[PDB]
Amino acid sequence: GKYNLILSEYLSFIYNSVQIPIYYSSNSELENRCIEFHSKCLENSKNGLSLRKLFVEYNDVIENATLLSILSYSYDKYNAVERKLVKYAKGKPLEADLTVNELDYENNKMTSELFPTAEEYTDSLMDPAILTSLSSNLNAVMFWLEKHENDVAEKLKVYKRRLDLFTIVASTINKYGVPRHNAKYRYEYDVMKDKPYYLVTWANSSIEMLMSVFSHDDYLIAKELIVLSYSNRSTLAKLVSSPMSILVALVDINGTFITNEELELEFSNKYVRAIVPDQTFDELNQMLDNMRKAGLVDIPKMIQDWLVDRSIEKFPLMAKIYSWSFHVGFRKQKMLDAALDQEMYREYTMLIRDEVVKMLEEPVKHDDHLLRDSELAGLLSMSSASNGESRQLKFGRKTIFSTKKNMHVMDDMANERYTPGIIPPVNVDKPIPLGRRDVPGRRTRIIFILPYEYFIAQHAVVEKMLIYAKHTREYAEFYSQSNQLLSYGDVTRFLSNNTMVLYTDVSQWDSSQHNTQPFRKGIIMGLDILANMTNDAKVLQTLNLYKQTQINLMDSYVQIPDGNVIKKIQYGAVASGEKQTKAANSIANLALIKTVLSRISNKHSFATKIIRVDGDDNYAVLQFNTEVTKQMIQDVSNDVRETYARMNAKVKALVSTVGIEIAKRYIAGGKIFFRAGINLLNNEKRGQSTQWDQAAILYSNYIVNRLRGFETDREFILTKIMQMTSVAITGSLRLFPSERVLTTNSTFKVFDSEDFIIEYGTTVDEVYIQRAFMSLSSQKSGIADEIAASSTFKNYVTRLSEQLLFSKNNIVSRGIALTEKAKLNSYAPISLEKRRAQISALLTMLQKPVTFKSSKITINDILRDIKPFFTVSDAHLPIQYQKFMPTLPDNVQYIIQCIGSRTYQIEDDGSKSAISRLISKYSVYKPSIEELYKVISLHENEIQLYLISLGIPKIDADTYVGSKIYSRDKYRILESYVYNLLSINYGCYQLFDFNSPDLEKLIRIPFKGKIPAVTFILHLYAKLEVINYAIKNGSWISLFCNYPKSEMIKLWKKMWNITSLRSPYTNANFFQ
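Note that the sequence shown covers residues 2 to 18, 22 to 346, 358 to 1087 in PDB author numbering.
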């Protein structure tokens, strides 16, 4: 409820020249009052008359109606930012030390000194790539400063620390003025030329950090980072983060959580003595010395202080610094510099070849259907296919330019130019265009943008590969529905005073030319063995074509931009951009550690408890037949590094007995930690999302950081959302959506009125508003239709269908057409028409609704029914689980202490149902949870046709439609679909154990009717209600269900007619 009020203070703060609160009500008479009040308000304003009496005269509308939005008319130039900033510019501007960076352009020189002409200029190295302005961020920060001006006690100190810091930004920015942005939120050469190139991006990173400062430690860290970042744009994050890799090895283990035979977390009071060889301390000191040499003082001191005792109790600071380092910004170099960095592998290539065969040995011999119809699968998959180059297309009677692979396939199929049998060359004749990957602290990487022939030639095989990984534990990232908690648990498991954990960073090795030969050689060698396992023409061809993509890649060439010219150098390293990138890289990293561990054994005798490959890291737990000593650790560590060295692998390999550190997570003191370094006011690249989507993404990012240990003041986040979600009617009229519009569960939801708690319309006004937004959920797109009617498109839909279906499929066919129609929204013209349509509708929608014949049922409606049948009563749950994830906020951590947490993902796609498995056994088609949901709920006779229409044998189709499993699936599909609509796998909930015995007690549900569907939703609704209460109140409640038996049948019917909601909030979770 505080959002609507904060919004007014902000608008009053920004404009000082009128505000017109717009209300609405499900009630008819009240709504007329709302209409009258709005009119009188506009009339008084357009006469310079007070609205004070009017607010009293319409107290009823203020008190009972729902605020829809706040109208704002201001006749100013918005140049107020220039004026407001001077009050804080009373400081000494920062002076960029143009000596800290290797590459000259990474130094905060003057924009002109890097681009003496407007024709050579490019924001490609500092572009915030976000749909919000630096001008806005400044306004937001000053607004908060004013509000917390008279604060007292500790709140004042927070204000004090922030006021200081903002002065640095204000002083430095004032020296050159505030960079004015254009409509596309892009900063041009005219504004930028007379100012430091990295000025704008730096301001965003600094503003973002300072509005996240609370404690004195935050201030110290933010101050050092904000100041050094101004000149260091390439090693600050790496320098600050390097120590953590060693620190984890230091903290002793006093009680930790492990994984048991049921793959679930379980507390163990075990104690493990961290044993660190003297040499490790030197390595740590060097990292510290380097930090000091780079101008860092406070941060190095803090680590140094921590090093006296190395207590897990005072470790939060080390973690806080580690997360903070990323908020400096991304390292955006020049394509060329990024690209430029680029007998013993006998064992290594052998393992890769063998691993390749195992993953496909069974599918190939049996003559798996997918492998046979692989090419068809690739076409269906094209949607989830990585982007390609911007080609010249022609649909129907028009010409366009698309970068989507599916569109290239349509045009190519039409003009008889579609030839998947022929896998284009990627050498000097056909140079690979290049995509990039920008991350904080690490060097920029390139991405191959190969033609679709490559994806199709690879999709089926990789999917089969991943399946093997799914049931293989070595592949931490893929194994089961497992989350990182299980991986965390596996390491702690065996840790004892006679075992040492060996972690290794291998990110550099993936792009090592030394690596590329053994790599492709191993995959192909394996492919040949696979071919010698079958005779199937379909299988051998798909198996063979994959072999071809590897050979073309063996010698690839790249189009590296160098100014306004596109050079072409011979690339000889394994870059990413393939379909097998993630899976193949995993196979290689695993092969690598297997190879290294095998070599070291010749000297030391250990036991391989576990071996793991997870992303850009790999690790293992070895057990020795004697207590581990510093000397033993030193010997194993040296031999490991030496072995990696012999293979010419630039990798960072450490050894410990208590912790580990890898890109996705780090374990220190038995506890689990996840870096909270997601940048907020600066993005990696520019996409095609809207400001609203971006606002929801920002909130989403804010939530993940907060859960991980970095908290940006919510008031600031709220203000940004206020700026980003606003809309302009005229040049002086800007409309700001209210809290209800923004937080309600609709197609326009941006955030939760209360963090970690998702609410659902529990009032008539909310339901009234919810239905209205849905009406204009999907808008028209003339262009999108032109192509839908285009022959080249129709043939495409029909061609795919005529290869999948045997009999008469329309349920599947209707889906394929609509799927494609949507698969075109990326193409700017189509999406752009949609946003404009959505906005105009939204502008009027905010004004007047009423005419909407509701008939669609959503999750909101089902819950709306159940609520009235639950009797609440205070209950009590004692804290019994020790905190294993320290950074978690208190309210969220409290739930875990009482009910615990999980280590798995809840099936929410329906893949675990028999029907889905059966369709997979015979068809390459992949029905969604939504389609399966509609299909399972059809008449037994229809299900038989649908299964057969997809190639399913009649004996099998008939056997299932009756079997007990078919009915069982019915519950599972609905259960899977519902979990999906409840975001049970995202946000905060994904952490909680919804089957906690402790939570289960608080739910008192008498089974008046043994109807699996109704019993399920009532229990889940009860669990969510109880948990949300704990999250917001710190205490518990017990829920008793007295749902009518007669009513249950009505409800059960409603359950099978639920419409899924699409929104920025929804997209934001998926975005993660």
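For each residue, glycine too, the CB sits at the ideal point set by N, CA and C.
For residue i, the nearest candidate out of the options (CA to CA)
| i | options | result |
| --- | --- | --- |
| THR549 | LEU386, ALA603, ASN402 and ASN513 | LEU386 |
| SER952 | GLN908, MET900 and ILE1073 | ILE1073 |
| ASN604 | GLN706, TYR79 and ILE367 | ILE367 |
| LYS582 | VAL589, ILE1064, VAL573 and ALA588 | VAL573 |
| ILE602 | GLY685, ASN633, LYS553 and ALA588 | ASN633 |
| residue 21 | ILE693, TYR16 and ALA174 | Between 18 and 22 the numbering of the chain has a gap, and residue 21 falls inside it, with no coordinates. |
| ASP543 | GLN528, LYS562, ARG721 and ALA890 | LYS562 |
| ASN51 | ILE1018, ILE462, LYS1047 and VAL22 | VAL22 |
| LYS823 | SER747, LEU107, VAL332 and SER964 | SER964 |
| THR641 | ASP654, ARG829 and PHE621 | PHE621 |
| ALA843 | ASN875, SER704 and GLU730 | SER704 |
| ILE262 | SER495, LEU517 and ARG917 | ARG917 |
| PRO120 | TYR193, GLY541, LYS1016 and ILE874 | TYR193 |
| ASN559 | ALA472, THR813, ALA787 and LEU517 | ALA472 |
| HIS42 | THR623, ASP631, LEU696 and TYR28 | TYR28 |
| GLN595 | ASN698, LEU481 and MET569 | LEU481 |
| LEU394 | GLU922, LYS151 and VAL812 | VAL812 |
| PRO439 | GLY685, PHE470, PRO455 and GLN523 | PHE470 |
| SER591 | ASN402, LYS88, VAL950 and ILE831 | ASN402 |
| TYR16 | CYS913, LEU748, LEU555 and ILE687 | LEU748 |
| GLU228 | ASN273, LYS199 and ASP302 | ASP302 |
| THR644 | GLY915, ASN513 and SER753 | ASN513 |
| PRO448 | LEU214, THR459 and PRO466 | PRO466 |
| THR70 | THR777, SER30 and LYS836 | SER30 |
| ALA606 | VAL589, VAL371 and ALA683 | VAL371 |
| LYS618 | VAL636, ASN442 and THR658 | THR658 |
Boundaries of the beta strand (DSSP E) in which residue i is found, first to last residue
| i | result |
| --- | --- |
| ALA668 | 667-671 |
| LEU71 | 70-77 |
| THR507 | It is not in any beta strand (DSSP E) - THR507 instead sits in the alpha helix (DSSP H) that spans 499-509. |
| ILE24 | 23-28 |
| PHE271 | 269-276 |
| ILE584 | 584-586 |
Residue range of the unbroken alpha helix (DSSP H) whose run includes residue i
| i | result |
| --- | --- |
| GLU945 | 944-951 |
| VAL628 | Counting along the chain, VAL628 falls outside any alpha helix (DSSP H), though it belongs to the beta strand (DSSP E) covering 621-629. |
| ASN716 | 706-723 |
| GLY541 | 528-546 |
Contact under 9 Å by Cβ, residue i with residue j
| i | j | result |
| --- | --- | --- |
| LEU243 | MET295 | yes |
| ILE74 | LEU12 | yes |
| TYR1058 | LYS1023 | yes |
| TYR326 | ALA711 | no |
| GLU726 | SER216 | yes |
| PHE771 | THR758 | no |
| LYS597 | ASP629 | no |
| residue 19 | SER76 | Within the gap of the chain, which runs from 18 to 22, lies residue 19, and it has no coordinates in the structure. |
| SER991 | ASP923 | yes |
| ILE802 | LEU1076 | no |
| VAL939 | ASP551 | no |
DSSP beta-bridge partners of residue i
| i | result |
| --- | --- |
| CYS1056 | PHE885 |
| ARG406 | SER417 |
| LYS898 | None; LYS898 has no bridge partner. |
| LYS686 | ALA683 |
| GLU676 | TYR681 |
| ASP520 | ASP632 and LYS667 |
| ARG452 | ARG460 |
| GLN638 | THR514 and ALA622 |
| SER591 | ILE462 |
beta-carbon residue i near the ligand NAD non-hydrogen atom, thresh 8 Å
| i | result |
| --- | --- |
| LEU819 | As far as ligands go, the structure on display features none, and thus does not contain the ligand NAD. |
Could you give the uninterrupted runs of the alpha helix (DSSP H) lying entirely in the segment 137-164, keeping only those of 4 residues or more?
138-151
Return the chain-ordered ranges of every alpha helix (DSSP H) run that is complete within the segment 778-855 and spans a minimum of 4 residues.
779-790, 797-804, 806-819 and 825-837
Any chance you could list the alpha helix (DSSP H) runs of at least 4 consecutive residues sitting entirely within the segment 729-774, in chain order?
Within the segment 729-774, the complete alpha helix (DSSP H) segments at least 4 residues long are 729-739 and 754-758, listed from N- to C-terminus.
Just to confirm the assignment: which complete alpha helix (DSSP H) runs, minimum length 4, are found wholly within the segment 172-219?
You should have 193-197 and 203-214.
Which parts of the segment 82-110 are runs of the alpha helix (DSSP H), unbroken and 4 residues or longer, counting only runs that do not cross its ends?
84-89
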